[PDB]
file model14.tsv (TSV, C-alpha atoms and all ligand atoms)
chain	number	residue	atom	x	y	z
A	11	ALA	CA	78.38	106.22	177.65
A	12	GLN	CA	80.32	107.63	180.60
A	13	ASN	CA	79.59	111.19	181.85
A	14	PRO	CA	76.68	111.82	179.46
A	15	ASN	CA	75.78	115.17	181.04
A	16	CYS	CA	79.42	116.38	180.31
A	17	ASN	CA	80.14	117.41	183.85
A	18	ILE	CA	83.60	118.57	184.88
A	19	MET	CA	85.24	115.69	186.72
A	20	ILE	CA	87.78	115.96	189.52
A	21	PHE	CA	90.46	113.32	189.96
A	22	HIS	CA	92.59	112.41	192.95
A	23	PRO	CA	95.37	110.08	191.64
A	24	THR	CA	97.51	108.23	194.11
A	25	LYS	CA	101.31	108.61	193.92
A	26	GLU	CA	101.44	105.34	192.04
A	27	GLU	CA	98.82	106.47	189.55
A	28	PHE	CA	100.80	109.71	189.08
A	29	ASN	CA	103.76	107.96	187.52
A	30	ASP	CA	102.51	107.34	184.05
A	31	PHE	CA	101.00	110.53	182.56
A	32	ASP	CA	99.63	109.03	179.34
A	33	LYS	CA	98.06	106.14	181.16
A	34	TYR	CA	96.25	108.49	183.59
A	35	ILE	CA	94.89	110.70	180.77
A	36	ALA	CA	93.55	107.55	179.10
A	37	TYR	CA	92.02	106.51	182.44
A	38	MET	CA	90.27	109.85	182.87
A	39	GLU	CA	88.84	109.50	179.36
A	40	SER	CA	87.66	105.94	180.15
A	41	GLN	CA	85.55	107.62	182.88
A	42	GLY	CA	84.15	110.21	180.42
A	43	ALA	CA	86.19	113.20	181.58
A	44	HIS	CA	86.76	114.53	178.09
A	45	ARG	CA	83.10	114.99	177.50
A	46	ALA	CA	83.18	118.13	179.68
A	47	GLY	CA	86.09	119.70	177.78
A	48	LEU	CA	87.94	120.24	181.11
A	49	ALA	CA	89.00	118.17	184.11
A	50	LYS	CA	90.70	118.98	187.40
A	51	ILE	CA	93.53	116.80	188.75
A	52	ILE	CA	94.50	117.17	192.43
A	53	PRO	CA	98.07	115.79	192.81
A	54	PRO	CA	98.80	113.22	195.55
A	55	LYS	CA	99.74	114.76	198.85
A	56	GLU	CA	103.34	113.46	198.56
A	57	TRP	CA	103.97	115.45	195.32
A	58	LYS	CA	105.40	118.89	194.87
A	59	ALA	CA	106.27	120.90	191.77
A	60	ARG	CA	109.35	122.49	193.35
A	61	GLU	CA	110.63	123.22	196.86
A	62	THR	CA	109.66	126.85	197.16
A	63	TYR	CA	108.56	129.88	195.13
A	64	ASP	CA	110.84	132.22	197.14
A	65	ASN	CA	113.21	132.88	194.32
A	66	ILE	CA	111.00	133.84	191.23
A	67	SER	CA	110.95	137.59	191.44
A	68	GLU	CA	113.73	138.07	188.94
A	69	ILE	CA	111.94	136.35	186.06
A	70	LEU	CA	111.30	138.95	183.34
A	71	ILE	CA	107.98	139.71	181.78
A	72	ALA	CA	109.38	141.23	178.57
A	73	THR	CA	106.00	142.31	177.17
A	74	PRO	CA	103.25	142.70	179.79
A	75	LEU	CA	99.85	143.03	178.10
A	76	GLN	CA	97.15	145.53	179.24
A	77	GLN	CA	93.84	143.96	178.40
A	78	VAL	CA	91.51	146.73	177.22
A	79	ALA	CA	87.84	145.83	176.80
A	80	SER	CA	85.15	147.09	174.39
A	81	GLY	CA	81.47	146.19	174.34
A	82	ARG	CA	79.02	145.45	177.13
A	83	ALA	CA	79.59	143.73	180.43
A	84	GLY	CA	78.54	140.33	179.24
A	85	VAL	CA	79.66	140.50	175.58
A	86	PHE	CA	83.00	142.18	174.93
A	87	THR	CA	86.28	141.92	173.18
A	88	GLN	CA	89.71	142.70	174.55
A	89	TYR	CA	92.80	143.97	172.85
A	90	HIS	CA	96.25	143.63	174.21
A	91	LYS	CA	98.26	146.82	174.60
A	92	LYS	CA	101.95	146.18	175.03
A	93	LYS	CA	103.61	147.69	178.11
A	94	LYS	CA	107.20	148.14	179.12
A	95	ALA	CA	109.08	145.16	180.55
A	96	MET	CA	108.97	144.41	184.21
A	97	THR	CA	110.19	141.70	186.60
A	98	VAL	CA	107.82	139.27	188.35
A	99	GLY	CA	108.61	141.17	191.60
A	100	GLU	CA	107.61	144.44	189.99
A	101	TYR	CA	104.47	142.82	188.52
A	102	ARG	CA	103.47	141.30	191.86
A	103	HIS	CA	103.74	144.72	193.51
A	104	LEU	CA	101.59	146.20	190.75
A	105	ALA	CA	98.95	143.43	191.07
A	106	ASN	CA	98.78	144.16	194.84
A	107	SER	CA	98.45	147.95	194.40
A	108	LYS	CA	95.20	149.70	195.19
A	109	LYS	CA	94.51	150.25	191.46
A	110	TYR	CA	94.75	146.51	190.58
A	111	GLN	CA	94.19	144.46	193.73
A	112	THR	CA	91.28	142.06	194.27
A	113	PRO	CA	88.36	143.85	196.01
A	114	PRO	CA	86.88	142.74	199.24
A	115	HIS	CA	84.51	139.89	198.62
A	116	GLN	CA	82.59	137.20	200.50
A	117	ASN	CA	83.48	134.08	198.55
A	118	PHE	CA	84.31	132.88	194.98
A	119	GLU	CA	80.71	133.40	193.84
A	120	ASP	CA	80.65	136.98	194.96
A	121	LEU	CA	83.99	137.60	193.22
A	122	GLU	CA	82.63	135.99	190.05
A	123	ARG	CA	79.61	138.35	190.19
A	124	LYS	CA	81.91	141.30	190.60
A	125	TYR	CA	84.12	140.15	187.68
A	126	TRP	CA	81.22	139.95	185.24
A	127	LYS	CA	79.66	143.20	186.47
A	128	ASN	CA	82.81	145.23	186.39
A	129	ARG	CA	85.54	143.71	184.22
A	130	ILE	CA	85.06	146.01	181.27
A	131	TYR	CA	85.67	149.11	183.37
A	132	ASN	CA	89.25	148.22	184.11
A	133	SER	CA	92.32	147.27	182.10
A	134	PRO	CA	94.37	144.66	184.07
A	135	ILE	CA	97.91	143.74	182.96
A	136	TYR	CA	98.65	140.06	182.13
A	137	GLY	CA	102.18	138.51	181.85
A	138	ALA	CA	101.22	135.85	179.38
A	139	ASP	CA	102.85	133.43	177.17
A	140	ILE	CA	106.41	133.54	178.67
A	141	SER	CA	108.50	130.56	177.50
A	142	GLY	CA	109.85	128.80	180.59
A	143	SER	CA	109.12	126.41	183.47
A	144	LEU	CA	108.91	126.49	187.24
A	145	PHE	CA	109.01	122.70	187.72
A	146	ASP	CA	112.16	121.47	189.44
A	147	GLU	CA	114.17	119.25	187.13
A	148	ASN	CA	114.00	116.62	189.80
A	149	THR	CA	110.21	116.47	189.77
A	150	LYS	CA	109.58	113.37	187.74
A	151	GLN	CA	105.77	113.13	187.79
A	152	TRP	CA	103.60	115.56	185.83
A	153	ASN	CA	106.49	117.85	185.10
A	154	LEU	CA	105.14	119.97	182.25
A	155	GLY	CA	108.67	120.53	180.86
A	156	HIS	CA	109.20	116.69	180.53
A	157	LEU	CA	106.14	115.56	178.65
A	158	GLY	CA	106.24	113.53	175.45
A	159	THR	CA	106.22	116.00	172.54
A	160	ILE	CA	103.38	116.48	170.05
A	161	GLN	CA	105.87	115.89	167.23
A	162	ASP	CA	106.80	112.54	168.71
A	163	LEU	CA	103.11	111.61	169.13
A	164	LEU	CA	102.41	112.47	165.47
A	165	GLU	CA	105.42	110.42	164.48
A	166	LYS	CA	104.41	107.46	166.62
A	167	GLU	CA	100.79	107.47	165.33
A	168	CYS	CA	101.31	108.38	161.71
A	169	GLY	CA	104.96	107.59	160.94
A	170	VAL	CA	105.87	111.04	159.66
A	171	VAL	CA	108.86	112.78	161.18
A	172	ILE	CA	108.50	116.54	161.45
A	173	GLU	CA	110.41	119.58	162.69
A	174	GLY	CA	109.24	121.55	165.69
A	175	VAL	CA	109.45	121.69	169.41
A	176	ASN	CA	106.89	121.79	172.29
A	177	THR	CA	107.81	123.82	175.40
A	178	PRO	CA	105.83	125.24	178.34
A	179	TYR	CA	104.69	128.74	178.97
A	180	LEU	CA	104.32	130.78	182.16
A	181	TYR	CA	101.41	133.11	182.90
A	182	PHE	CA	101.57	135.77	185.60
A	183	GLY	CA	98.04	137.08	186.35
A	184	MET	CA	96.26	139.65	188.47
A	185	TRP	CA	92.66	140.38	189.35
A	186	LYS	CA	90.46	140.52	186.25
A	187	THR	CA	93.11	139.22	183.85
A	188	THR	CA	91.13	137.31	181.30
A	189	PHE	CA	91.50	134.45	178.86
A	190	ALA	CA	89.10	134.73	175.97
A	191	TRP	CA	86.95	131.91	174.53
A	192	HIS	CA	89.14	129.53	172.54
A	193	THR	CA	90.18	126.02	171.77
A	194	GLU	CA	93.87	125.13	171.55
A	195	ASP	CA	95.97	125.42	168.44
A	196	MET	CA	95.05	122.52	166.17
A	197	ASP	CA	92.42	121.56	168.83
A	198	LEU	CA	95.18	120.07	170.98
A	199	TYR	CA	94.86	119.23	174.66
A	200	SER	CA	96.28	121.65	177.21
A	201	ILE	CA	97.47	121.10	180.74
A	202	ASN	CA	97.71	123.98	183.18
A	203	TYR	CA	99.31	123.95	186.64
A	204	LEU	CA	98.58	126.81	189.05
A	205	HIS	CA	101.94	127.16	190.80
A	206	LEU	CA	101.06	129.86	193.30
A	207	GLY	CA	98.80	132.63	194.32
A	208	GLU	CA	95.13	133.32	193.83
A	209	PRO	CA	92.64	131.16	191.97
A	210	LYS	CA	91.66	130.94	188.29
A	211	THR	CA	87.97	130.49	187.36
A	212	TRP	CA	87.27	128.49	184.18
A	213	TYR	CA	84.28	128.20	181.90
A	214	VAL	CA	84.07	125.37	179.33
A	215	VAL	CA	81.77	124.12	176.58
A	216	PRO	CA	81.61	120.34	176.00
A	217	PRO	CA	83.43	119.41	172.72
A	218	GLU	CA	80.27	117.85	171.36
A	219	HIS	CA	78.60	121.26	171.61
A	220	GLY	CA	81.38	123.53	170.44
A	221	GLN	CA	79.60	124.49	167.24
A	222	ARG	CA	76.73	125.96	169.38
A	223	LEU	CA	79.20	128.33	170.94
A	224	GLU	CA	80.62	129.20	167.49
A	225	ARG	CA	77.17	130.02	166.16
A	226	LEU	CA	76.41	132.28	169.09
A	227	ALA	CA	79.75	133.99	168.69
A	228	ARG	CA	79.01	134.72	165.04
A	229	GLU	CA	75.71	136.33	166.10
A	230	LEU	CA	77.30	138.36	168.90
A	231	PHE	CA	80.37	139.49	167.05
A	232	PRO	CA	79.03	139.93	163.52
A	233	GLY	CA	81.77	142.17	162.04
A	234	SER	CA	84.45	139.81	163.36
A	235	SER	CA	82.65	136.85	161.88
A	236	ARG	CA	82.56	138.48	158.42
A	237	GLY	CA	86.28	139.17	158.68
A	238	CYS	CA	87.27	135.59	159.49
A	239	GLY	CA	85.49	132.22	159.41
A	240	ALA	CA	87.47	131.18	162.59
A	241	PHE	CA	87.71	134.39	164.50
A	242	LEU	CA	87.65	132.67	167.88
A	243	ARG	CA	91.26	131.69	166.95
A	244	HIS	CA	92.06	135.41	167.56
A	245	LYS	CA	91.43	134.82	171.25
A	246	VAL	CA	89.72	138.15	171.95
A	247	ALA	CA	86.02	137.45	172.56
A	248	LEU	CA	84.26	137.10	175.88
A	249	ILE	CA	80.71	135.98	176.58
A	250	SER	CA	79.44	135.79	180.19
A	251	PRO	CA	77.74	132.82	181.80
A	252	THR	CA	74.53	134.80	182.01
A	253	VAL	CA	74.56	135.38	178.21
A	254	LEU	CA	75.45	131.74	177.58
A	255	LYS	CA	72.45	130.64	179.74
A	256	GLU	CA	70.14	133.13	177.95
A	257	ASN	CA	71.11	131.55	174.65
A	258	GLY	CA	70.89	127.95	175.74
A	259	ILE	CA	74.63	127.18	175.33
A	260	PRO	CA	75.72	124.18	177.37
A	261	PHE	CA	78.69	124.98	179.65
A	262	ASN	CA	80.22	124.34	183.01
A	263	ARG	CA	82.42	126.29	185.41
A	264	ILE	CA	85.01	125.47	188.05
A	265	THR	CA	87.65	127.30	190.08
A	266	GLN	CA	91.24	126.08	190.09
A	267	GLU	CA	93.37	126.74	193.15
A	268	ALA	CA	97.11	126.77	193.65
A	269	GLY	CA	98.56	123.30	193.55
A	270	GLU	CA	95.97	121.95	191.12
A	271	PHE	CA	96.13	120.86	187.45
A	272	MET	CA	93.53	121.45	184.81
A	273	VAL	CA	93.39	119.54	181.53
A	274	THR	CA	91.52	120.88	178.54
A	275	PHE	CA	90.46	118.32	175.94
A	276	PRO	CA	90.44	118.60	172.16
A	277	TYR	CA	87.90	121.08	170.90
A	278	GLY	CA	86.84	122.08	174.45
A	279	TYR	CA	86.21	125.81	174.27
A	280	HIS	CA	87.29	127.55	177.44
A	281	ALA	CA	87.55	131.04	178.93
A	282	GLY	CA	88.16	132.45	182.39
A	283	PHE	CA	89.76	134.93	184.74
A	284	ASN	CA	92.24	135.27	187.58
A	285	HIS	CA	91.23	136.23	191.10
A	286	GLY	CA	94.42	138.05	192.02
A	287	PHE	CA	98.19	137.75	191.66
A	288	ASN	CA	99.09	134.22	190.46
A	289	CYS	CA	101.41	132.19	188.34
A	290	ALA	CA	100.39	129.30	186.06
A	291	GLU	CA	102.34	127.08	183.68
A	292	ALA	CA	100.70	125.45	180.69
A	293	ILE	CA	101.62	123.40	177.63
A	294	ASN	CA	99.86	121.68	174.76
A	295	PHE	CA	99.98	117.93	174.35
A	296	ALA	CA	98.52	115.21	172.19
A	297	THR	CA	97.27	111.64	172.49
A	298	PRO	CA	96.16	109.17	169.82
A	299	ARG	CA	92.62	110.37	170.21
A	300	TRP	CA	93.62	113.92	169.28
A	301	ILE	CA	94.69	113.02	165.73
A	302	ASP	CA	91.16	113.11	164.37
A	303	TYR	CA	90.51	116.49	165.99
A	304	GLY	CA	93.70	117.86	164.55
A	305	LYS	CA	92.60	116.82	161.05
A	306	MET	CA	89.30	118.70	161.44
A	307	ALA	CA	90.44	121.81	163.33
A	308	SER	CA	89.38	125.12	161.95
A	309	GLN	CA	91.84	127.54	160.94
A	310	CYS	CA	92.25	131.33	160.82
A	311	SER	CA	93.81	132.40	157.49
A	312	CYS	CA	93.00	136.17	157.83
A	313	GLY	CA	96.29	136.96	159.45
A	314	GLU	CA	95.15	137.76	162.90
A	315	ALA	CA	95.86	134.47	164.74
A	316	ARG	CA	99.64	134.25	164.07
A	317	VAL	CA	101.16	131.30	165.96
A	318	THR	CA	104.24	129.28	166.62
A	319	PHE	CA	106.73	127.73	164.33
A	320	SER	CA	105.62	124.22	165.21
A	321	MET	CA	102.08	124.61	163.94
A	322	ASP	CA	103.33	124.65	160.38
A	323	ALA	CA	104.01	120.94	160.29
A	324	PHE	CA	100.72	120.08	161.93
A	325	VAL	CA	98.78	121.95	159.20
A	326	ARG	CA	101.05	120.66	156.48
A	327	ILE	CA	100.67	116.99	157.38
A	328	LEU	CA	97.15	116.85	158.84
A	329	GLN	CA	95.48	119.49	156.66
A	330	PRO	CA	97.33	119.64	153.30
A	331	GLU	CA	94.32	121.08	151.47
A	332	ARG	CA	94.22	124.06	153.89
A	333	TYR	CA	97.99	124.53	154.07
A	334	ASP	CA	98.61	127.05	151.29
A	335	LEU	CA	95.82	129.41	152.45
A	336	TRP	CA	96.75	129.11	156.12
A	337	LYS	CA	100.47	129.75	155.40
A	338	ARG	CA	99.58	132.94	153.49
A	339	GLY	CA	97.84	134.13	156.69
A	340	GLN	CA	101.02	133.38	158.60
A	341	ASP	CA	103.10	135.48	156.07
B	1	LIG	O1	95.73	130.48	182.11
B	1	LIG	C1	95.47	131.16	181.05
B	1	LIG	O2	95.50	132.43	180.93
B	1	LIG	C2	95.03	130.52	179.78
B	1	LIG	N1	95.33	129.06	179.81
B	1	LIG	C3	94.77	128.25	178.94
B	1	LIG	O3	93.93	128.64	178.01
B	1	LIG	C4	95.12	126.81	178.96
B	1	LIG	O4	95.84	126.37	179.87
B	1	LIG	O5	94.71	126.16	177.98
B	2	MG	MG	114.06	134.95	189.91
B	3	NI	NI	93.71	127.30	176.51
B	4	ZN	ZN	91.29	135.23	161.46

call {"tool": "encode", "arguments": {"input": "model14.tsv", "output": "structure tokens"}}
result
Amino acid sequence: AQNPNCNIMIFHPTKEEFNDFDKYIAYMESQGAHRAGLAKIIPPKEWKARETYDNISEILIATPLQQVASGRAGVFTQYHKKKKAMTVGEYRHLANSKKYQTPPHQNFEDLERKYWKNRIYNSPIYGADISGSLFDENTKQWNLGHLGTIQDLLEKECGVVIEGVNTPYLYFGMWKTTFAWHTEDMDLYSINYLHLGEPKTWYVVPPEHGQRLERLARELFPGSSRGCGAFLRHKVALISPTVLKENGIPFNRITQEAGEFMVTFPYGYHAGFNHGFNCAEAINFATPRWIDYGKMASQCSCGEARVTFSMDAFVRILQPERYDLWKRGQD
């Protein structure tokens, strides 16, 4: 069995290897990459996502989210308070202000220490989940707006034609902006490209151990667990590496820098934080190996998780027994 310790693997494809996206994902899996739940892909030196980032300041963040924490430093939830719209140029200036800017620090480890010590005492503002793309249309390799769609993969594997679309999303971050512990919708893959700015630190639980994280979360967030049998789908709970280690949960960590891709694999729980002003682009995708994960994915039916239009068909076709209850939670 390849990668039996479930380490995060880092790949350096050549420009030739970068041509066929599906083929390279299958290659990484042949080497055991999926066992970690996360992999890093460093593009060949010849590749670029677009020519420059000099002209992005006029993008609108219609609903910036202030991420307000409750709990203790290593075990907390966050709620998202909606803020007035602002442009990327206005958001960048805000991220760089004295109130929000990255503190002085020695290295990524020191910054990570400071994040876990101090996150809860601040409320950073995240421009998340913005439909759009920063890849140039002429970028043919690993262009996250030009991937094969999940609806086409389901149709190719299973023969059923379904409605829905699959488009990318932009994320504008600042120091301490936080992504809570989650797997993807329908335990899909994700791919995330850090277009510019400061790094993103990731934490990940191997898919084979995801239920260990779920059981800890039920212990740590007991009211939330009684409210919903899949409350991690709400994407609000944080647990620090120190607490994970105290409770014996297997995990790994890595820092993504600008110009790098990350892939999350089906049922790979992940969480993390931004180091400073940045912009990422991410999208869900599927492969044949996902289908079985999609069939088994948990679902929130309490009403909190509310998701996209296109998840309807995935539930309806892969999980017909769960469909009626889940759809009630959507409505
Ligand atoms: O970058 C973020 O805030 C969150 N991204 C992801 O969870 C992802 O790409 O799957
Ligand atoms: Mg612009
Ligand atoms: Ni994710
Ligand atoms: Zn729920």

call {"tool": "atom_distance", "arguments": {"input": "model14.tsv", "atom1": "atom CA of residue A:142", "atom2": "atom CA of residue A:155"}}
result
8.4 Å

call {"tool": "closest_atom_pairs", "arguments": {"input": "model14.tsv", "of": "stretch 296-320 of chain A", "to": "stretch 242-253 of chain A", "cutoff": "7 Å", "atoms": "only C-alpha atoms", "output": "CSV"}}
result
residue,atom,partner,partner_atom,distance
A:310,CA,A:243,CA,6.2
A:314,CA,A:244,CA,6.1
A:315,CA,A:244,CA,4.8

call {"tool": "write_last_selection", "arguments": {"input": "model14.tsv", "atoms": "C-alpha atoms", "output": "mmCIF file, in the frame of the given file"}}
result
data_model
loop_
_atom_site.group_PDB
_atom_site.id
_atom_site.type_symbol
_atom_site.label_atom_id
_atom_site.label_comp_id
_atom_site.auth_asym_id
_atom_site.auth_seq_id
_atom_site.Cartn_x
_atom_site.Cartn_y
_atom_site.Cartn_z
ATOM 1 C CA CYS A 310 92.250 131.330 160.820
ATOM 2 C CA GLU A 314 95.150 137.760 162.900
ATOM 3 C CA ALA A 315 95.860 134.470 164.740
#

call {"tool": "residues_around", "arguments": {"input": "model14.tsv", "residues": "stretch 39-42 of chain A", "least_positions_apart": "4", "cutoff": "10 Å", "atoms": "only C-alpha atoms", "output": "VMD selection string"}}
result
chain A and resid 11 to 19 33 to 35 46 49 275 299

call {"tool": "closest_atom_pairs", "arguments": {"input": "model14.tsv", "of": "chain A", "to": "ligand MG 2 (chain B)", "cutoff": "12 Å", "atoms": "all atoms listed in the file", "output": "CSV"}}
result
residue,atom,partner,partner_atom,distance
A:62,CA,B:MG2,MG,11.7
A:63,CA,B:MG2,MG,9.1
A:64,CA,B:MG2,MG,8.4
A:65,CA,B:MG2,MG,4.9
A:66,CA,B:MG2,MG,3.5
A:67,CA,B:MG2,MG,4.4
A:68,CA,B:MG2,MG,3.3
A:69,CA,B:MG2,MG,4.6
A:70,CA,B:MG2,MG,8.2
A:71,CA,B:MG2,MG,11.2
A:97,CA,B:MG2,MG,8.5
A:98,CA,B:MG2,MG,7.7
A:99,CA,B:MG2,MG,8.4
A:100,CA,B:MG2,MG,11.5
A:142,CA,B:MG2,MG,11.9
A:143,CA,B:MG2,MG,11.8
A:144,CA,B:MG2,MG,10.3

call {"tool": "axis_aligned_box", "arguments": {"input": "model14.tsv", "around": "ligand LIG 1 (chain B)", "padding_each_side": "3 Å", "output": "JSON"}}
result
{"center_x": 94.9, "center_y": 129.3, "center_z": 180.0, "size_x": 7.9, "size_y": 12.3, "size_z": 10.1}

call {"tool": "closest_residue", "arguments": {"input": "model14.tsv", "among": "A:334, A:302, A:239, A:260", "to": "ligand ZN 4 (chain B)", "atoms": "only C-alpha atoms and all ligand atoms"}}
result
A:239

call {"tool": "residues_around", "arguments": {"input": "model14.tsv", "residues": "residue A:57", "least_positions_apart": "4", "cutoff": "10 Å", "atoms": "all atoms listed in the file", "output": "JSON list (two decimals) with C-alpha atoms, in the coordinates of the input"}}
result
[["chain", "number", "residue", "atom", "x", "y", "z"],
["A", 24, "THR", "CA", 97.51, 108.23, 194.11],
["A", 25, "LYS", "CA", 101.31, 108.61, 193.92],
["A", 28, "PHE", "CA", 100.80, 109.71, 189.08],
["A", 53, "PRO", "CA", 98.07, 115.79, 192.81],
["A", 149, "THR", "CA", 110.21, 116.47, 189.77],
["A", 150, "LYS", "CA", 109.58, 113.37, 187.74],
["A", 151, "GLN", "CA", 105.77, 113.13, 187.79],
["A", 152, "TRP", "CA", 103.60, 115.56, 185.83],
["A", 269, "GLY", "CA", 98.56, 123.30, 193.55]]

call {"tool": "closest_residue", "arguments": {"input": "model14.tsv", "among": "A:186, A:192, A:115, A:109", "to": "ligand NI 3 (chain B)", "atoms": "only C-alpha atoms and all ligand atoms"}}
result
A:192

call {"tool": "closest_residue", "arguments": {"input": "model14.tsv", "among": "A:160, A:264, A:172, A:293", "to": "residue A:202", "atoms": "all atoms listed in the file"}}
result
A:293

call {"tool": "atom_distance", "arguments": {"input": "model14.tsv", "atom1": "atom CA of residue A:77", "atom2": "atom CA of residue A:282"}}
result
13.4 Å

call {"tool": "atom_distance", "arguments": {"input": "model14.tsv", "atom1": "atom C4 of ligand LIG 1 (chain B)", "atom2": "atom CA of residue A:201"}}
result
6.4 Å

call {"tool": "closest_residue", "arguments": {"input": "model14.tsv", "among": "A:321, A:240, A:268, A:273", "to": "ligand ZN 4 (chain B)", "atoms": "all atoms listed in the file"}}
result
A:240

call {"tool": "residues_near_ligand", "arguments": {"input": "model14.tsv", "ligand": "ligand LIG 1 (chain B)", "cutoff": "9 Å", "atoms": "all atoms listed in the file", "output": "ChimeraX atom specification"}}
result
/A:136,138-139,180-183,187-194,199-204,210,212,272-274,280-284,289-294

call {"tool": "closest_residue", "arguments": {"input": "model14.tsv", "among": "A:285, A:316, A:166, A:22", "to": "residue A:105", "atoms": "only C-alpha atoms"}}
result
A:285

call {"tool": "closest_residue", "arguments": {"input": "model14.tsv", "among": "A:113, A:95, A:135, A:129", "to": "residue A:76", "atoms": "all atoms listed in the file"}}
result
A:135

call {"tool": "decode", "arguments": {"input": "model14.tsv", "residues": "stretch 282-339 of chain A", "atoms": "C-alpha atoms", "output": "PDB file, in the first residue's frame"}}
result
ATOM      1  CA  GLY A 282      -6.778  26.342   8.147  1.00  0.00           C
ATOM      2  CA  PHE A 283      -5.999  30.035   8.134  1.00  0.00           C
ATOM      3  CA  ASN A 284      -4.520  32.830   6.047  1.00  0.00           C
ATOM      4  CA  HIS A 285      -1.302  34.596   6.938  1.00  0.00           C
ATOM      5  CA  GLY A 286      -2.201  37.979   5.480  1.00  0.00           C
ATOM      6  CA  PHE A 287      -3.876  39.523   2.440  1.00  0.00           C
ATOM      7  CA  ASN A 288      -4.301  36.857  -0.280  1.00  0.00           C
ATOM      8  CA  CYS A 289      -6.499  35.605  -3.040  1.00  0.00           C
ATOM      9  CA  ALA A 290      -7.320  31.948  -3.747  1.00  0.00           C
ATOM     10  CA  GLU A 291      -9.551  30.247  -6.301  1.00  0.00           C
ATOM     11  CA  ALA A 292     -11.121  26.869  -5.641  1.00  0.00           C
ATOM     12  CA  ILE A 293     -13.610  24.465  -7.201  1.00  0.00           C
ATOM     13  CA  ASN A 294     -14.988  21.014  -6.520  1.00  0.00           C
ATOM     14  CA  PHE A 295     -14.367  18.143  -8.900  1.00  0.00           C
ATOM     15  CA  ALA A 296     -14.971  14.430  -9.165  1.00  0.00           C
ATOM     16  CA  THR A 297     -13.246  11.313 -10.470  1.00  0.00           C
ATOM     17  CA  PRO A 298     -14.493   7.738 -10.783  1.00  0.00           C
ATOM     18  CA  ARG A 299     -13.134   6.987  -7.361  1.00  0.00           C
ATOM     19  CA  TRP A 300     -15.315   9.674  -5.792  1.00  0.00           C
ATOM     20  CA  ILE A 301     -18.604   7.968  -6.685  1.00  0.00           C
ATOM     21  CA  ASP A 302     -18.491   5.610  -3.727  1.00  0.00           C
ATOM     22  CA  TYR A 303     -17.748   8.487  -1.349  1.00  0.00           C
ATOM     23  CA  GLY A 304     -20.604  10.475  -2.755  1.00  0.00           C
ATOM     24  CA  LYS A 305     -22.995   7.576  -2.073  1.00  0.00           C
ATOM     25  CA  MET A 306     -21.907   7.440   1.587  1.00  0.00           C
ATOM     26  CA  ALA A 307     -21.528  11.151   2.385  1.00  0.00           C
ATOM     27  CA  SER A 308     -23.253  12.411   5.454  1.00  0.00           C
ATOM     28  CA  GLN A 309     -25.756  14.987   5.209  1.00  0.00           C
ATOM     29  CA  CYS A 310     -27.067  17.920   7.264  1.00  0.00           C
ATOM     30  CA  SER A 311     -30.894  18.005   7.183  1.00  0.00           C
ATOM     31  CA  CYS A 312     -31.320  20.512  10.112  1.00  0.00           C
ATOM     32  CA  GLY A 313     -31.362  23.500   7.850  1.00  0.00           C
ATOM     33  CA  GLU A 314     -28.102  25.054   8.748  1.00  0.00           C
ATOM     34  CA  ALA A 315     -25.839  23.833   5.906  1.00  0.00           C
ATOM     35  CA  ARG A 316     -27.810  25.306   2.941  1.00  0.00           C
ATOM     36  CA  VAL A 317     -25.914  24.770  -0.325  1.00  0.00           C
ATOM     37  CA  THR A 318     -25.941  25.157  -4.048  1.00  0.00           C
ATOM     38  CA  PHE A 319     -28.481  24.276  -6.616  1.00  0.00           C
ATOM     39  CA  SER A 320     -26.315  21.523  -8.064  1.00  0.00           C
ATOM     40  CA  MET A 321     -26.196  19.430  -4.919  1.00  0.00           C
ATOM     41  CA  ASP A 322     -29.823  18.502  -5.365  1.00  0.00           C
ATOM     42  CA  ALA A 323     -29.144  16.094  -8.187  1.00  0.00           C
ATOM     43  CA  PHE A 324     -26.203  14.516  -6.412  1.00  0.00           C
ATOM     44  CA  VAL A 325     -28.389  13.668  -3.384  1.00  0.00           C
ATOM     45  CA  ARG A 326     -31.302  12.654  -5.560  1.00  0.00           C
ATOM     46  CA  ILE A 327     -29.346  10.185  -7.669  1.00  0.00           C
ATOM     47  CA  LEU A 328     -26.681   8.934  -5.248  1.00  0.00           C
ATOM     48  CA  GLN A 329     -28.698   9.034  -2.022  1.00  0.00           C
ATOM     49  CA  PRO A 330     -32.411   8.583  -2.895  1.00  0.00           C
ATOM     50  CA  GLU A 331     -33.278   7.273   0.582  1.00  0.00           C
ATOM     51  CA  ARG A 332     -31.927  10.493   2.179  1.00  0.00           C
ATOM     52  CA  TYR A 333     -33.329  12.851  -0.460  1.00  0.00           C
ATOM     53  CA  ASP A 334     -36.718  13.758   1.014  1.00  0.00           C
ATOM     54  CA  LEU A 335     -35.275  14.578   4.473  1.00  0.00           C
ATOM     55  CA  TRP A 336     -32.315  16.487   3.065  1.00  0.00           C
ATOM     56  CA  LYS A 337     -34.543  18.534   0.696  1.00  0.00           C
ATOM     57  CA  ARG A 338     -36.762  19.558   3.628  1.00  0.00           C
ATOM     58  CA  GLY A 339     -33.612  20.978   5.269  1.00  0.00           C
TER      59      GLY A 339
END
